[PDB]
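Text of the file coords_17.tsv, holding TSV, C-alpha atoms:
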```tsv
chain	number	residue	atom	x	y	z
A	492	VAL	CA	-31.83	13.03	43.60
A	493	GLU	CA	-33.77	12.75	40.33
A	494	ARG	CA	-35.31	10.26	37.92
A	495	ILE	CA	-33.83	9.56	34.50
A	496	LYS	CA	-36.03	9.23	31.42
A	497	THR	CA	-35.20	6.68	28.73
A	498	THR	CA	-36.06	6.92	25.05
A	499	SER	CA	-38.10	4.21	23.34
A	500	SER	CA	-35.84	3.84	20.29
A	501	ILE	CA	-32.37	2.31	20.31
A	502	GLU	CA	-32.34	3.00	16.59
A	503	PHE	CA	-30.68	6.35	17.21
A	504	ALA	CA	-27.80	4.54	18.89
A	505	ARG	CA	-27.75	1.71	16.37
A	506	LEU	CA	-27.55	4.29	13.58
A	507	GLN	CA	-24.79	5.96	15.56
A	508	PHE	CA	-22.89	2.68	15.73
A	509	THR	CA	-23.47	1.77	12.07
A	510	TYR	CA	-22.52	5.23	10.87
A	511	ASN	CA	-19.46	5.36	13.12
A	512	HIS	CA	-18.33	1.89	12.03
A	513	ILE	CA	-18.74	2.69	8.34
A	514	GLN	CA	-17.14	6.10	8.85
A	515	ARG	CA	-14.12	4.67	10.66
A	516	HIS	CA	-13.70	2.19	7.82
A	517	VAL	CA	-14.11	4.63	4.94
A	518	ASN	CA	-12.09	7.39	6.59
A	519	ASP	CA	-9.27	4.96	7.34
A	520	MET	CA	-9.31	3.50	3.84
A	521	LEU	CA	-9.57	6.81	2.00
A	522	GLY	CA	-6.81	8.14	4.24
A	523	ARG	CA	-4.64	5.21	3.24
A	524	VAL	CA	-5.58	5.87	-0.39
A	525	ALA	CA	-4.65	9.55	-0.11
A	526	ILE	CA	-1.38	8.77	1.67
A	527	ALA	CA	-0.46	6.17	-0.93
A	528	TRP	CA	-1.46	8.65	-3.63
A	529	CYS	CA	0.90	11.29	-2.25
A	530	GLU	CA	3.63	8.68	-2.02
A	531	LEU	CA	2.88	7.71	-5.62
A	532	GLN	CA	3.14	11.32	-6.77
A	533	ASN	CA	6.40	11.98	-4.94
A	534	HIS	CA	7.62	8.62	-6.20
A	535	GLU	CA	6.69	9.32	-9.83
A	536	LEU	CA	8.46	12.68	-9.64
A	537	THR	CA	11.73	10.83	-10.26
B	492	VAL	CA	-45.66	-27.99	17.84
B	493	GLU	CA	-44.80	-24.55	19.25
B	494	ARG	CA	-45.60	-20.86	18.91
B	495	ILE	CA	-43.14	-18.38	17.41
B	496	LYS	CA	-42.57	-14.97	18.97
B	497	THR	CA	-42.01	-11.91	16.77
B	498	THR	CA	-40.03	-8.81	17.68
B	499	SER	CA	-41.65	-5.38	17.56
B	500	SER	CA	-38.83	-3.65	15.66
B	501	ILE	CA	-37.98	-4.23	12.01
B	502	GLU	CA	-35.26	-1.65	12.52
B	503	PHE	CA	-32.79	-4.40	13.36
B	504	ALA	CA	-33.44	-5.93	9.94
B	505	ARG	CA	-33.55	-2.58	8.16
B	506	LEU	CA	-30.18	-1.72	9.71
B	507	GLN	CA	-28.99	-5.14	8.59
B	508	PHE	CA	-30.09	-4.38	5.04
B	509	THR	CA	-28.67	-0.84	4.99
B	510	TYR	CA	-25.37	-1.94	6.49
B	511	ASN	CA	-25.12	-4.93	4.16
B	512	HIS	CA	-25.95	-2.81	1.10
B	513	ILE	CA	-23.40	-0.15	2.02
B	514	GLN	CA	-20.86	-2.82	2.94
B	515	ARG	CA	-21.28	-4.67	-0.35
B	516	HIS	CA	-20.80	-1.40	-2.18
B	517	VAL	CA	-17.78	-0.16	-0.24
B	518	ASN	CA	-16.10	-3.57	-0.09
B	519	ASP	CA	-16.58	-4.04	-3.83
B	520	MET	CA	-15.32	-0.56	-4.64
B	521	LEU	CA	-12.33	-0.63	-2.29
B	522	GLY	CA	-11.51	-4.09	-3.63
B	523	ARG	CA	-11.54	-2.69	-7.15
B	524	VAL	CA	-9.38	0.20	-5.91
B	525	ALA	CA	-6.88	-2.16	-4.30
B	526	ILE	CA	-6.78	-4.42	-7.36
B	527	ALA	CA	-6.25	-1.45	-9.66
B	528	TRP	CA	-3.62	-0.16	-7.25
B	529	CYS	CA	-1.68	-3.43	-7.43
B	530	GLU	CA	-1.99	-3.36	-11.20
B	531	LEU	CA	-0.73	0.22	-11.15
B	532	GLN	CA	2.27	-0.73	-9.03
B	533	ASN	CA	3.21	-3.73	-11.17
B	534	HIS	CA	2.59	-1.55	-14.22
B	535	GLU	CA	4.78	1.31	-12.97
B	536	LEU	CA	7.58	-1.15	-12.21
B	537	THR	CA	8.52	-0.99	-15.89
B	538	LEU	CA	8.90	2.78	-15.74
B	539	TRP	CA	10.93	2.34	-12.58
B	540	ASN	CA	13.26	-0.10	-14.34
B	541	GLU	CA	13.78	2.37	-17.17
B	542	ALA	CA	14.41	5.24	-14.76
B	543	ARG	CA	16.88	3.23	-12.67
B	544	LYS	CA	18.71	2.62	-15.92
B	545	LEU	CA	18.59	6.36	-16.59
B	546	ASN	CA	19.53	8.05	-13.29
B	547	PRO	CA	20.25	5.25	-10.81
B	548	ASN	CA	21.24	7.68	-8.05
B	549	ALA	CA	17.82	9.32	-7.73
B	550	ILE	CA	15.81	6.10	-8.06
B	551	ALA	CA	17.99	4.28	-5.54
B	552	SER	CA	17.75	7.22	-3.14
B	553	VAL	CA	13.96	7.25	-3.39
B	554	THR	CA	13.49	3.49	-3.20
B	555	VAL	CA	15.97	2.67	-0.42
B	556	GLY	CA	14.85	5.69	1.58
B	557	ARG	CA	18.07	7.69	1.94
B	558	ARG	CA	20.52	9.57	-0.25
B	559	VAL	CA	22.72	6.78	-1.65
B	560	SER	CA	25.04	6.57	-4.63
B	561	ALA	CA	24.10	3.78	-7.01
B	562	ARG	CA	25.07	2.14	-10.27
B	563	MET	CA	23.70	-0.84	-12.13
B	564	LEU	CA	25.59	-4.14	-12.00
B	565	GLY	CA	23.66	-5.68	-14.86
B	566	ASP	CA	20.19	-6.38	-13.49
B	567	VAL	CA	20.88	-5.28	-9.89
B	568	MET	CA	21.85	-1.99	-8.27
B	569	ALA	CA	24.88	-1.45	-6.05
B	570	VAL	CA	24.22	1.18	-3.39
B	571	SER	CA	26.49	3.05	-1.00
B	572	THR	CA	25.32	5.66	1.49
B	573	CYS	CA	26.38	9.26	0.85
B	574	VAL	CA	27.97	11.36	3.59
B	575	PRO	CA	25.88	14.45	4.43
B	576	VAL	CA	27.62	17.81	4.33
B	577	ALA	CA	26.54	20.92	6.22
B	578	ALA	CA	25.07	23.66	4.04
B	579	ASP	CA	27.34	26.36	5.46
B	580	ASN	CA	30.40	24.28	4.50
B	581	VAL	CA	29.85	24.69	0.74
B	582	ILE	CA	31.29	27.48	-1.41
B	583	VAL	CA	30.52	28.09	-5.09
B	584	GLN	CA	33.25	29.36	-7.39
B	585	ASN	CA	31.92	32.37	-9.27
B	586	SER	CA	33.00	31.23	-12.73
C	635	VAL	CA	38.86	-4.05	-14.16
C	636	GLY	CA	36.82	-5.01	-11.12
C	637	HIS	CA	34.08	-6.29	-13.41
C	638	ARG	CA	31.29	-7.49	-11.12
C	639	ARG	CA	27.93	-8.17	-12.73
C	640	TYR	CA	24.68	-9.89	-11.82
C	641	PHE	CA	22.54	-10.98	-14.77
C	642	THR	CA	18.97	-12.21	-14.58
C	643	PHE	CA	18.93	-15.88	-15.54
C	644	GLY	CA	15.87	-18.04	-15.05
C	645	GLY	CA	14.50	-17.54	-11.57
C	646	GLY	CA	17.67	-15.98	-10.17
C	647	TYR	CA	20.91	-14.32	-11.21
C	648	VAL	CA	24.22	-15.52	-12.59
C	649	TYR	CA	26.97	-13.62	-10.79
C	650	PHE	CA	30.00	-12.84	-12.95
C	651	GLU	CA	33.46	-11.64	-11.94
C	652	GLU	CA	36.24	-10.49	-14.26
C	653	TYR	CA	34.18	-11.70	-17.23
C	654	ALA	CA	34.03	-15.23	-15.83
C	655	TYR	CA	31.15	-17.26	-14.44
C	656	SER	CA	31.17	-17.35	-10.64
C	657	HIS	CA	27.91	-19.02	-9.57
C	658	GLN	CA	24.15	-18.74	-9.81
C	659	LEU	CA	22.24	-16.89	-7.10
C	660	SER	CA	18.77	-17.47	-5.74
C	661	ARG	CA	16.41	-14.55	-6.26
C	662	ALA	CA	16.16	-13.88	-2.52
C	663	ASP	CA	19.93	-13.95	-1.96
C	664	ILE	CA	20.02	-10.23	-2.87
C	665	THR	CA	18.44	-7.53	-0.71
C	666	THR	CA	15.18	-6.27	-2.16
C	667	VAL	CA	14.02	-2.65	-2.35
C	668	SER	CA	10.39	-1.95	-3.23
C	669	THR	CA	9.30	0.57	-5.83
C	670	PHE	CA	5.72	-0.35	-4.94
C	671	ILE	CA	3.71	1.75	-2.52
C	672	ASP	CA	1.75	-0.29	-0.02
C	673	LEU	CA	-1.99	0.41	0.05
C	674	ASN	CA	-3.12	-1.84	2.88
C	675	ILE	CA	-6.83	-1.79	2.04
C	676	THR	CA	-8.52	-4.36	4.25
C	677	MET	CA	-12.25	-4.94	3.92
C	678	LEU	CA	-15.19	-3.82	6.02
C	679	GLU	CA	-16.00	-7.03	7.85
C	680	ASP	CA	-19.50	-8.45	7.96
C	681	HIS	CA	-21.42	-7.27	11.00
C	682	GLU	CA	-24.63	-8.84	12.27
```

Once you've parsed the file, please lay out its structure as structure tokens.
Amino acid sequence: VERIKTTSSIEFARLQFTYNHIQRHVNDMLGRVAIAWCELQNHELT
Amino acid sequence: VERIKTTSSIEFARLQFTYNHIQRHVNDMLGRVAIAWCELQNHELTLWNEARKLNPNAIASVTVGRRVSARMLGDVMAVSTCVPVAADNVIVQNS
Amino acid sequence: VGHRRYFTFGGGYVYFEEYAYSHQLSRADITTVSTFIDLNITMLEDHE
């Protein structure tokens, strides 16, 4: 038995969500870019 | 006639501004990247045409996705899959 | 001998056999292989 203590700023969690959303997007897109870039290099080798 | 009620946290709006600024930037830049990537693909198609005229076997093998023999039939390629052979079943004559 | 050829002609091809016209072909009548490399860049959606 205890009592929990709650912060007074959601902004930590809203930053967490914004940063995670943007990071998912940019990581996914730059990963697609890098994958397509490898495929382009291997493809241009011919 | 009414009274408006104001929140006590601008941070919703500051997050909105930060997220919108970053989103405008990244959407614009990734859109430019995708557009330039399409232009690169359409632009490289010419080199691919020339190569397929040069060594149709290699280009067909890369493009189709498997080792295939090919030859041009004018403006199209005729492909035919190649039979794999085990490495140990190959002998080189010395001369 | 065995002279089969497809020549680009307008929007499609003009298939030839034994140095004789056979018929025109629609562009999609022939299987298509892509030298392009897909870069499926979708866009960060608006979030409120």

Contacts between chain B and chain C, please, where a residue of chain C counts if it comes within 9 Å (with all atoms listed in the file); show its shortest atom pair and distance in Å to one decimal, rows by chain and ascending number, as JSON lines.
```
{"residue": "C:637", "atom": "CA", "partner": "B:564", "partner_atom": "CA", "distance": 8.9}
{"residue": "C:638", "atom": "CA", "partner": "B:564", "partner_atom": "CA", "distance": 6.7}
{"residue": "C:639", "atom": "CA", "partner": "B:564", "partner_atom": "CA", "distance": 4.7}
{"residue": "C:640", "atom": "CA", "partner": "B:565", "partner_atom": "CA", "distance": 5.3}
{"residue": "C:641", "atom": "CA", "partner": "B:566", "partner_atom": "CA", "distance": 5.3}
{"residue": "C:642", "atom": "CA", "partner": "B:566", "partner_atom": "CA", "distance": 6.1}
{"residue": "C:647", "atom": "CA", "partner": "B:566", "partner_atom": "CA", "distance": 8.3}
{"residue": "C:664", "atom": "CA", "partner": "B:567", "partner_atom": "CA", "distance": 8.6}
{"residue": "C:667", "atom": "CA", "partner": "B:555", "partner_atom": "CA", "distance": 6.0}
{"residue": "C:668", "atom": "CA", "partner": "B:554", "partner_atom": "CA", "distance": 6.3}
{"residue": "C:669", "atom": "CA", "partner": "B:554", "partner_atom": "CA", "distance": 5.7}
{"residue": "C:670", "atom": "CA", "partner": "B:532", "partner_atom": "CA", "distance": 5.4}
{"residue": "C:671", "atom": "CA", "partner": "B:532", "partner_atom": "CA", "distance": 7.1}
{"residue": "C:672", "atom": "CA", "partner": "B:529", "partner_atom": "CA", "distance": 8.7}
{"residue": "C:673", "atom": "CA", "partner": "B:525", "partner_atom": "CA", "distance": 7.0}
{"residue": "C:674", "atom": "CA", "partner": "B:525", "partner_atom": "CA", "distance": 8.1}
{"residue": "C:675", "atom": "CA", "partner": "B:525", "partner_atom": "CA", "distance": 6.4}
{"residue": "C:676", "atom": "CA", "partner": "B:522", "partner_atom": "CA", "distance": 8.4}
{"residue": "C:677", "atom": "CA", "partner": "B:518", "partner_atom": "CA", "distance": 5.7}
{"residue": "C:678", "atom": "CA", "partner": "B:518", "partner_atom": "CA", "distance": 6.2}
{"residue": "C:679", "atom": "CA", "partner": "B:514", "partner_atom": "CA", "distance": 8.1}
{"residue": "C:680", "atom": "CA", "partner": "B:511", "partner_atom": "CA", "distance": 7.6}
{"residue": "C:681", "atom": "CA", "partner": "B:510", "partner_atom": "CA", "distance": 8.0}
{"residue": "C:682", "atom": "CA", "partner": "B:507", "partner_atom": "CA", "distance": 6.8}
```

Residues of chain A within 12 Å of chain C, counting all atoms listed in the file - could you list those as a PDB file with C-alpha atoms, keeping the file's coordinate frame?
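Result file follows (result-v6.pdb):
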```
ATOM      1  CA  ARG A 505     -27.750   1.710  16.370  1.00  0.00           C
ATOM      2  CA  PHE A 508     -22.890   2.680  15.730  1.00  0.00           C
ATOM      3  CA  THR A 509     -23.470   1.770  12.070  1.00  0.00           C
ATOM      4  CA  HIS A 512     -18.330   1.890  12.030  1.00  0.00           C
ATOM      5  CA  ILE A 513     -18.740   2.690   8.340  1.00  0.00           C
ATOM      6  CA  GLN A 514     -17.140   6.100   8.850  1.00  0.00           C
ATOM      7  CA  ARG A 515     -14.120   4.670  10.660  1.00  0.00           C
ATOM      8  CA  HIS A 516     -13.700   2.190   7.820  1.00  0.00           C
ATOM      9  CA  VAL A 517     -14.110   4.630   4.940  1.00  0.00           C
ATOM     10  CA  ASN A 518     -12.090   7.390   6.590  1.00  0.00           C
ATOM     11  CA  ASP A 519      -9.270   4.960   7.340  1.00  0.00           C
ATOM     12  CA  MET A 520      -9.310   3.500   3.840  1.00  0.00           C
ATOM     13  CA  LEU A 521      -9.570   6.810   2.000  1.00  0.00           C
ATOM     14  CA  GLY A 522      -6.810   8.140   4.240  1.00  0.00           C
ATOM     15  CA  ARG A 523      -4.640   5.210   3.240  1.00  0.00           C
ATOM     16  CA  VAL A 524      -5.580   5.870  -0.390  1.00  0.00           C
ATOM     17  CA  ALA A 525      -4.650   9.550  -0.110  1.00  0.00           C
ATOM     18  CA  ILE A 526      -1.380   8.770   1.670  1.00  0.00           C
ATOM     19  CA  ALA A 527      -0.460   6.170  -0.930  1.00  0.00           C
ATOM     20  CA  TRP A 528      -1.460   8.650  -3.630  1.00  0.00           C
ATOM     21  CA  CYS A 529       0.900  11.290  -2.250  1.00  0.00           C
ATOM     22  CA  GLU A 530       3.630   8.680  -2.020  1.00  0.00           C
ATOM     23  CA  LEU A 531       2.880   7.710  -5.620  1.00  0.00           C
ATOM     24  CA  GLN A 532       3.140  11.320  -6.770  1.00  0.00           C
ATOM     25  CA  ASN A 533       6.400  11.980  -4.940  1.00  0.00           C
ATOM     26  CA  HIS A 534       7.620   8.620  -6.200  1.00  0.00           C
ATOM     27  CA  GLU A 535       6.690   9.320  -9.830  1.00  0.00           C
ATOM     28  CA  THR A 537      11.730  10.830 -10.260  1.00  0.00           C
TER      29      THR A 537
END
```

Query - Length of the CA of residue 558 (chain B) to CA of residue 573 (chain B) vector [Å] - result: 6.0 Å

Query raised in the report: Mind pulling up the distance from CA of residue 501 (chain B) to CA of residue 499 (chain A)?
Result: 14.1 Å

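Distances from B:570, B:576, B:581, B:527 to chain A were compared using only C-alpha atoms, and the smallest one belongs to B:527.
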
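Minimum distance to chain A across B:495, B:583, B:577, B:549 (counting only C-alpha atoms) occurs at B:549.
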
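Atom to atom, CA of residue 505 (chain B) and CA of residue 502 (chain A) stand 10.2 Å apart.
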
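Ranking B:512, B:575, B:552, B:502 by their shortest atom-to-atom distance to chain A, with only C-alpha atoms included, puts B:502 first.
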
Report task. Write out as a PyMOL selection string which residues come within 9 Å of residue 657 (chain C) when counting all atoms listed in the file, dropping same-chain ones fewer than 6 positions away. Result -> chain C and resi 647-650
